[PDB]
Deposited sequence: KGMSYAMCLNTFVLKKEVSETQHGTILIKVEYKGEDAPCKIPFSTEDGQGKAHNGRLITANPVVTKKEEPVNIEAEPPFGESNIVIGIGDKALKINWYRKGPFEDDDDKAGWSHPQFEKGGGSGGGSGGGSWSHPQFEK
């Protein structure tokens, strides 16, 4: 399907295998759509983490598992100025 163009909201607190559990709710009406996922550094530049969820999609108006990069990162759910950016701090490596 086409990519989700609208924004998302956190259903609950982000849960912390080292990975994080993100529970989202879609705010748009263009479903079925694929959830855009990306990770950024403390400056907002592309800084690759790792999306665990094989194919995160919105069936109707979704649990996202991902391993954040070590240190400071921004977990981006969606595209553009609308996009939900989760500033995350991962301690270590040990």
Which deposited-sequence positions, grouped into ranges, are missing C-alpha coordinates? 1 to 4, 21 to 22, 68 to 70, 104 to 139
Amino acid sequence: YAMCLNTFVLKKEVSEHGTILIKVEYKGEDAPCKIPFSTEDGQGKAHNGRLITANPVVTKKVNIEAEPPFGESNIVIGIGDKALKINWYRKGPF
From here on, numbers count along this sequence of modelled residues.
Comparing 21 to 29 with 7 to 15, which has the greater mean CA B-factor as deposited? 21 to 29
Where the record places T59 (Cα B-factor, split into thirds across the chain): highest
Using the B-factor values recorded in the entry, state whether the Cα atom of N48 falls in the lowest, middle or highest third among the modelled residues of its chain. highest
